[PDB]
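Numbering-wise (PDB author numbering), the sequence shown opens with residue 1 and increments by one. For each residue, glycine too, the CB sits at the ideal point set by N, CA and C. Quick notes on the structure that follows.
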Amino acid sequence: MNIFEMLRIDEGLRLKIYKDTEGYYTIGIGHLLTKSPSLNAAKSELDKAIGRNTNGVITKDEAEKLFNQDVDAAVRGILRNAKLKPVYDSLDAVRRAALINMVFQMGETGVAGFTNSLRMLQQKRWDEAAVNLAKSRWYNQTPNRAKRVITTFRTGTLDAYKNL
């Protein structure tokens, strides 16, 4: 029901440094720290961020704190993008987040590739934007969350996060 708890369902929430798929040190809600194998480099960058010898463990609060900036960096990139902005503006609240989710996960540029589906959405072509979506590298990597996003675009209700 809220931007934070929506990405919790997807990215998941970890209050201790862990490694992503490719073995990256990250914490909280998909926040990356370092790409280097250092365990002492992640904590470091963690303290720098939190601003406190956390010893690689944070509080819920600190996560949201990192979350919001992660989220602003997502929005800021959209705002400064010729292909998403328009689309973004055109969307309702419920669909603005489905939009921010992809940029949270893929990135400003990456999401700036789906011009096929980009346009249909701006045009309110839900049922059909959903289709080009399904046929995508994205859908096949994290189909779990991807098909959740697509539904919130398809409908405009955040119901997909109401069963899971």
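Straight-line Cα distance separating residue j from residue i
| i | j | result |
| --- | --- | --- |
| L33 | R14 | 13 Å |
| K147 | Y161 | 11 Å |
| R96 | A73 | 15 Å |
| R154 | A129 | 8 Å |
| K16 | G56 | 6 Å |
| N40 | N132 | 43 Å |
| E45 | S36 | 11 Å |
| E108 | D47 | 27 Å |
| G156 | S38 | 42 Å |
| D70 | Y25 | 16 Å |
| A98 | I150 | 8 Å |
Secondary structure of residue i, DSSP reduced to three states
| i | result |
| --- | --- |
| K60 | helix |
| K35 | coil |
| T26 | strand |
| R80 | coil |
| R125 | coil |
| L13 | coil |
| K19 | strand |
| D92 | coil |
| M106 | coil |
| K162 | coil |
| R137 | helix |
| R52 | coil |
| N40 | helix |
| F4 | helix |
| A112 | coil |
| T142 | coil |
| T157 | coil |
Candidates the options, of which the one nearest residue i by Cα
| i | options | result |
| --- | --- | --- |
| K83 | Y139, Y25, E64 and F114 | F114 |
| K65 | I150, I50 and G156 | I50 |
| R137 | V111, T151 and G156 | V111 |
| residue 177 | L164, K19 and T59 | Missing from the structure shown is residue 177; the chain here goes from 1 to 164 and no further. |
Residue burial classification, residue i (beta-carbon count within 10 angstroms, cutoff 16)
| i | result |
| --- | --- |
| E22 | exposed |
| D61 | exposed |
| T152 | buried |
| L158 | buried |
| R80 | exposed |
| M1 | exposed |
| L164 | exposed |
Between the segment 116-125 and the segment 73-92, are three or more C-beta pairs nearer than 8 Å?
yes
So, does the segment 100-115 touch the segment 73-83, judging by three or more C-beta pairs under 8 Å?
yes
When the Cβ atoms of the segment 3-11 are set against those of the segment 19-35, are three or more pairs found closer than 8 Å?
yes
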